[PDB]
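Below: one structure, written as structure tokens.
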Amino acid sequence: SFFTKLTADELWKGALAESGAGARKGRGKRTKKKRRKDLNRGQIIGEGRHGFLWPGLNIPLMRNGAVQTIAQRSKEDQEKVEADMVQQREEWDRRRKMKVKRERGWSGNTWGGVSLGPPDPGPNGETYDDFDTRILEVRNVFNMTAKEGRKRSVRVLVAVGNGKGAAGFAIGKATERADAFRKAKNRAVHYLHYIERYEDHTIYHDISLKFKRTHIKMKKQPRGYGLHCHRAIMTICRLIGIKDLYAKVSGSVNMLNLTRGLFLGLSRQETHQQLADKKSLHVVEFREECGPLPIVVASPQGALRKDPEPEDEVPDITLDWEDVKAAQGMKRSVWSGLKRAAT
Amino acid sequence: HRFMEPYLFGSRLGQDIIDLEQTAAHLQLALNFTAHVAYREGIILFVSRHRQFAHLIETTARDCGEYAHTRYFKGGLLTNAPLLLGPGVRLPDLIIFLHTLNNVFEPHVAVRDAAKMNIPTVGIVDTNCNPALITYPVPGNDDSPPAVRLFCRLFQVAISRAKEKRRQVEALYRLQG
Amino acid sequence: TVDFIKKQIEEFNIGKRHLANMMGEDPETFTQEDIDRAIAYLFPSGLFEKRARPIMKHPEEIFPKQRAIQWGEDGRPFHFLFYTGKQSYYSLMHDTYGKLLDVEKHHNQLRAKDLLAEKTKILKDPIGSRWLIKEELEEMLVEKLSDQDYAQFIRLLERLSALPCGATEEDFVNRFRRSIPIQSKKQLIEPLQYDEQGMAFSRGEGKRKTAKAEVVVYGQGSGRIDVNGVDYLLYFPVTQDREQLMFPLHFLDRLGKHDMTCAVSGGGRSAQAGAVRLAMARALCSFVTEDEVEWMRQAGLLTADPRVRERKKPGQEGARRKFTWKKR
Amino acid sequence: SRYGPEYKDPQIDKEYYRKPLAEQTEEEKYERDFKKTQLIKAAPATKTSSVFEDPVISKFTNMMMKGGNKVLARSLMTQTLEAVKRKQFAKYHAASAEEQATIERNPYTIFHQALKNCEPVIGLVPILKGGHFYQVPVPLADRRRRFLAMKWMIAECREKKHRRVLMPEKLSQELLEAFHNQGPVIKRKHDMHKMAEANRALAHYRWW
Amino acid sequence: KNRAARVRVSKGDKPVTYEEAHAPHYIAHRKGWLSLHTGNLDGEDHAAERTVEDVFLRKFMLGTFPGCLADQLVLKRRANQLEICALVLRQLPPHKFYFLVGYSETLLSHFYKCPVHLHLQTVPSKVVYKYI
RNA sequence: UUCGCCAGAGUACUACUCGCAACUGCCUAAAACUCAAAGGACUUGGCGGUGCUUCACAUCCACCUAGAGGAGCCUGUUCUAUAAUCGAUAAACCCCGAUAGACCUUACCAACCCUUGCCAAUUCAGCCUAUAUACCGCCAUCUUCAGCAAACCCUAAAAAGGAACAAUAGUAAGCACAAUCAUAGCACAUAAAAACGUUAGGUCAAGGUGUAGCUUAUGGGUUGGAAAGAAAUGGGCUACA
Ligand SMILES: [Mg+2]
Ligand SMILES: [Mg+2]
Ligand SMILES: [Mg+2]
Ligand SMILES: [Mg+2]
Ligand SMILES: [Mg+2]
Ligand SMILES: [Mg+2]
Ligand SMILES: [Mg+2]
Ligand SMILES: [Mg+2]
Ligand SMILES: [Mg+2]
Ligand SMILES: [Mg+2]
Ligand SMILES: [Mg+2]
Ligand SMILES: [Mg+2]
Ligand SMILES: [Mg+2]
Ligand SMILES: [Mg+2]
Ligand SMILES: [Mg+2]
Ligand SMILES: [Mg+2]
Ligand SMILES: [Mg+2]
Ligand SMILES: [Mg+2]
Ligand SMILES: [Mg+2]
Ligand SMILES: [Mg+2]
Ligand SMILES: [Mg+2]
Ligand SMILES: [Mg+2]
Ligand SMILES: [Mg+2]
Ligand SMILES: [Mg+2]
Ligand SMILES: [Mg+2]
Ligand SMILES: [Mg+2]
Ligand SMILES: [Mg+2]
Ligand SMILES: [Mg+2]
Ligand SMILES: [Mg+2]
Ligand SMILES: [Mg+2]
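Protein chains in written order, with the numbering used here: chain X, 1 to 343; chain Z, 1001 to 1177; chain H, 2001 to 2328; chain W, 3001 to 3208; chain G, 4001 to 4132.
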């Protein structure tokens, strides 16, 4: 009956049935676990159930200068060795049954907002250690192929940033989730924006941007107002370096369009220095706390025009009913003045 | 083109005329920038997709000691450099366009890829060209044999003088100590 | 990988010396054919694929052509056409076009001066010259090539060859020329033999459908055929079998002018007749001049018959007749 | 399929080779024939250089062979020609001086004339139009016409004879009948011609 | 689809040896037989007696050298003495190598009543021929 | 700058009101109840009894040859009938597992016997018990179709696609095809090979097997029987001369 035995690899290949015909299309996943254990992990070659000690395998060749003969362990010593090899199995099972935990980004069972680690270094040798990345969107996209039918590709929208004002975003799509993560990490660095941050905590001016179908309204906020933004804009601005900001998104809430519009608006900012250059006038900041003190932030380098700007008695600005309601105190919604967690 | 309006003098019975005042003003900076890159040991590549004078472009580039591309431009040439050219290569530091349009009358691949890879581009742009992406555009004529020969000779001597004066600067550097 | 090949050179050389020591031949006179015989004797691997046999050759013969370093330590590429993808192919094309323009200018000056001293060297039919195939261009230009680019290069070479040629460009084109062997399919004619006071003697061998036939022909005897010790009429009672025998003799008008003995083994009644026909045709070449041998081979007497019985395939009846296939 | 595309068909005619000098247009072909390094197929066993054999005779013998027994079919031709000869000789010797100048004694000529008389002029093809099959009259090729003429006689002599009647004797009867245009194969031919004339108006369905 | 003695192609990362990289329709064409003897000839006998020993040797050597066997055994049979050519990884120390070689050279000889040679070739790792 | 409308879908160009030469009508126009969707555009497959070009080489017709379906016999199935295996059972089953059944084979049944019961030992052996809709090992099929595919790159976003040779974003290891090899000289031909996947295709009964079940029995031995054809059908042999 010895010729009826096979190799452990062949036994495991049939036991786990990893290449089953029912697991191809997707009929499986009902019992989603496939664990294979190597039986030769802690198996010392010379030891056996009889407890024989062989001079070539178990015990050394020479003792006290003389040759060792074939020995056999005592009944109790063999039982001690047996207890050791048994307790090794409980130790390995204790290591196996425990799950290494993972930080949750936004919820306990979503990929959005989790840390993925620094991206891989480039070919020339540049290493991105200060850069940090966060998963923004994950999606199991399906395609229709003639033979297989449903083709499952994991696609991820992922943004990278270092915290010094340089950040970017890109999409990685692959058959495997780990491959998609790696592709997104390696492709996000190549598309990096620079975000002009006034005093390194907030944007220069309020931005009202209209993307494809996503409206974003972002207002400059004080030092004490830390990132009361959407749950994805907060992550993006945390990667960028913005510590103080308020954002409201209206219309479509698509993640890709939201990120694209956010980056476009953050890149289309106007620095005080460029405003002073284009209008040949001094830019003076009037802090509410500092009273009427004329704080100067940027100077119009070049020709300073002595002709003053036309003072408009009635400004023709593009106002919004949302901010008018906010200013008039008509915002009676219970969802606006709630107490939320910190940054 | 809609973006050639400021670079034109007028229209002579349907045919538009390019004023040469801004042509020379642009060409001074173009030649200065081309010569400085050669002086600072930079890779200069002449991209030109035109099946009439291509031989002249490779001859000019070989005499200059710089590189040329007048054949069909492959897809990932400038972007997928670690695969199309070799394991680790050096990207061209300057791109000279003698014909910004290919045989399809579409904008060239290299003018977009240089902007993608942050590679300076100096280019002779005709009335139907798009100068928005070219770092140093010079409005001129790229279909006249005398015009293209003039441009090729100017860019030949601009590189030759830059390299030679680099050699005498190094010679004086050796005598400095 | 240049140093690896360099080390393979010295390893191959020391192995060659040791192989010469093993065989006892002079290492100075020890050559590649001797290496092949020595390996075939020491390592007698019986395999149907010759490439799987143990082989010991020069490293530049075993390993493919490796690309040289394309740039220096400063990063600047050596060739000026490096950024075109195929520097060697495009350099070849550039050189060919430069020489075309040089020839055009020189011929224009010669025509202006009214001097026609060139000749037409394009027709090399008696030499059997052909153009390089894509493989022969790929072994020269180490990088990969394309069919359209190869066709463009060939069409440019035709333009170059269609112009009045000088000295250097003809030699430049000549390295892209391959000579073919003589496709002359004339057969070898067996010389007339004289054996034991017998004149006009010859022999022939034929084979058709597992039937081997030897024909011994005397050109000095009367017209008769003796098959396996008996007469041809007795051996071939069928009229068609005797018509096969008359087919070679009647074509050459040698019916009653030759005495022949035929010995045929294997096959059936008609296979033996066909084999004897083929052997007789191959034997009657010596007694006739050359212009009739070609007529005979164009009539089909000097060509063998490869129409053999095909092996029966599993699942079928007669190697073509399949089983009764029921649709439902 | 053992013969490659480069193999060409052999030429059996001796007179084709015996006089090369009498013409130049045909002189220009055979030198290239062998100077192009062209391979030639082996001559088939059924076709030889005999002056007494005919391609029509060989075809009609091939069409009679059942299974693979070629010698039986060659015999059946032997007795068919012999019986036609002997019946015509018996008729020859029983007539007056005027009829011997008209009665033919040549079985080969009689067989060829019988085939020409039995050769149909037009054939019919079923064409599907409007879900129904219509018998459209169509001109036939020379090989198709001769094949029909041969097959009709073979089929008639195979089935419409008594068991005591032998194939060569029945074929000798029908050969002499078809020579004088009084045999049932001529009736079959005229039936096909009449059925084509009746549907002549349906010939517009053909598109070739 | 034929599946006998064939390792299936993965995404392009599996290391496959020369023996496994060739389908059985390449035997005697590109790769040779793993065992040589006289019982498979035409006018010879005792084929099954050697075949059963061949299979037992494969299994016994696989169990004797656990995890360090690189390729399959080469079983030579030449004049009453059978030679076993093995490719073994250098996982065990030479002291344990020499115990097992001497053990087998006598146990197999006493179990088959015929002299047995054991030859080991130590490889640093499994040699990869096709993609890895 | 204005006017008229738009508050999920079905109910619903509906019921009930007003008005109208309209009386099976027109305009305005709900509710009860049901669902968590209803919708617009698009990408790729698949299909098309849509249309247009190149084809079929034993292949569709035009056409050639020899047969099946008619008879007997052999044999394999579906049915009845028994105490009496099983699986296959559209192309891809039906002289198929089986290159093979008087006891054995034989896993089926009826009578009887043994239960640490092949092995050195094992609160152990052993099961042809169920699951081929968990498998491995082995194959059928598209299939002599050429595509599959790691690493990359591009798209005014990307579901996905990636080509113009006088070339407009494509490089691409590899597996296929091709090449090579065998049928002992070439060519042709044959053989062989044919990847990723489709049919939850066939095989727990070549063999091992995850899971769920038997242990004085679904286990292990002896003897005897496993018919028979009311009937239908597939494939061959013999002929009908
Ligand atoms: Mg949770
Ligand atoms: Mg929503
Ligand atoms: Mg132009
Ligand atoms: Mg047959
Ligand atoms: Mg409603
Ligand atoms: Mg209505
Ligand atoms: Mg109504
Ligand atoms: Mg058919
Ligand atoms: Mg029959
Ligand atoms: Mg029947
Ligand atoms: Mg059954
Ligand atoms: Mg069943
Ligand atoms: Mg089926
Ligand atoms: Mg029994
Ligand atoms: Mg029985
Ligand atoms: Mg049982
Ligand atoms: Mg299945
Ligand atoms: Mg292909
Ligand atoms: Mg894609
Ligand atoms: Mg590839
Ligand atoms: Mg051969
Ligand atoms: Mg072939
Ligand atoms: Mg096959
Ligand atoms: Mg092949
Ligand atoms: Mg099933
Ligand atoms: Mg089943
Ligand atoms: Mg089992
Ligand atoms: Mg079962
Ligand atoms: Mg029956
Ligand atoms: Mg069958």
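Using N, Cα and C, we set each Cβ at its ideal position, and we do this for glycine too.
Asked	Found
Pick from X/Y191, X/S1 and X/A184 that is closest to Z/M1117, judged by C-alpha positions	X/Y191
Uninterrupted alpha helix (DSSP H) stretches inside the segment 100-124 of chain X (no shorter than 4 residues)	none
Endpoints, the beta strand (DSSP E) within which W/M3167 is located	Note, W/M3167: premise wrong, no beta strand (DSSP E); alpha helix (DSSP H) at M3167 to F3179.
Residue of H/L2115, H/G2267, H/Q2298 and H/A2273 minimising C-alpha distance to H/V2308	H/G2267
Reference W/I3110; option with closest CA among W/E3174, W/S3096 and W/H3132	W/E3174
Any non-hydrogen atom of ligand 4 within 6 Å of W/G3067 CB	no
7 Å Cβ cutoff met for H/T2261 and H/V2216	yes
Proximity winner among W/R3018, W/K3059, W/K3035 and W/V3051, relative to W/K3151 (alpha-carbon distances)	W/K3059
Members of the segment 1085-1108 of chain Z that neighbour chain H once the beta carbon cut-off is set at 8 Å	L1085, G1086, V1089, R1090 and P1092
Pairwise C-alpha distance: W/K3041 and W/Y3007	6 Å
Beta-carbon contacts of Z/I1096 that lie in its chain and below 6 Å, excluding the five residues immediately before and after	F1046 and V1122
Buried/exposed call for X/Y194, threshold 16 Cβ in 10 Å	exposed
Boundaries (first-last residue) of the beta strand (DSSP E) holding X/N140	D132 to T145
Proximity test, X/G113 beta-carbon vs ligand 1 heavy atom, cut-off 6 Å	no
Own chain residues within Cβ distance below 7 Å of G/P4124, not counting five before or after	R4090
Secondary structure, beta strand (DSSP E): runs of 3+ residues fully inside the segment 2050-2082 of chain H	none
Check: X/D307 C-beta below 6 Å from any heavy atom of ligand 3	no
Contact with chain G by X/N40, beta-carbon distance below 7 Å	yes
Where G/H4022 falls, given that 16 or more other Cβ within 10 Å makes a residue buried	buried
Closer than 7 Å to chain G by CB, H/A2052	yes
Closest residue to Z/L1091 among Z/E1066, Z/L1101, Z/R1012 and Z/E1106 (Cα-Cα distance)	Z/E1066
Neighbour-count burial assignment, H/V2173, 16 or more Cβ in a 10 Å radius	buried
Proximal residues of chain H, C-beta to C-beta of W/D3033 below 7 Å	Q2298
Beta-carbon contacts of X/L275 that lie in its chain and below 8 Å, excluding the five residues immediately before and after	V283 and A298
Sequence-distant residues of its chain with Cβ nearer than 7 Å to W/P3139 (five each side left out)	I3122
Below-7 Å beta-carbon distance, G/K4014 vs any chain X residue	no
Positions along the segment 167-184 of chain X whose CB lies within less than 7 Å of some CB in chain G	none
7 Å Cβ cutoff, H/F2048 in contact with chain G	yes
Contact under 7 Å by Cβ, X/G261 with X/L209	yes
Contacting residues, own chain, Cβ-Cβ under 7 Å from X/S250 (five flanking each side not counted)	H215
Alpha-carbon spacing of W/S3050 relative to H/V2293, whole angstroms	19 Å
Check whether G/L4075 and G/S4035 have beta carbons under 7 Å apart	yes
Segment limits, beta strand (DSSP E) that includes G/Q4121	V4116 to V4123
First through last residue of the alpha helix (DSSP H) which encompasses Z/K1116	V1109 to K1116
The alpha helix (DSSP H) enclosing Z/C1152, as first and last residue numbers	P1145 to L1175
Separation of H/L2301 from H/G2229, as counted between CA atoms	25 Å
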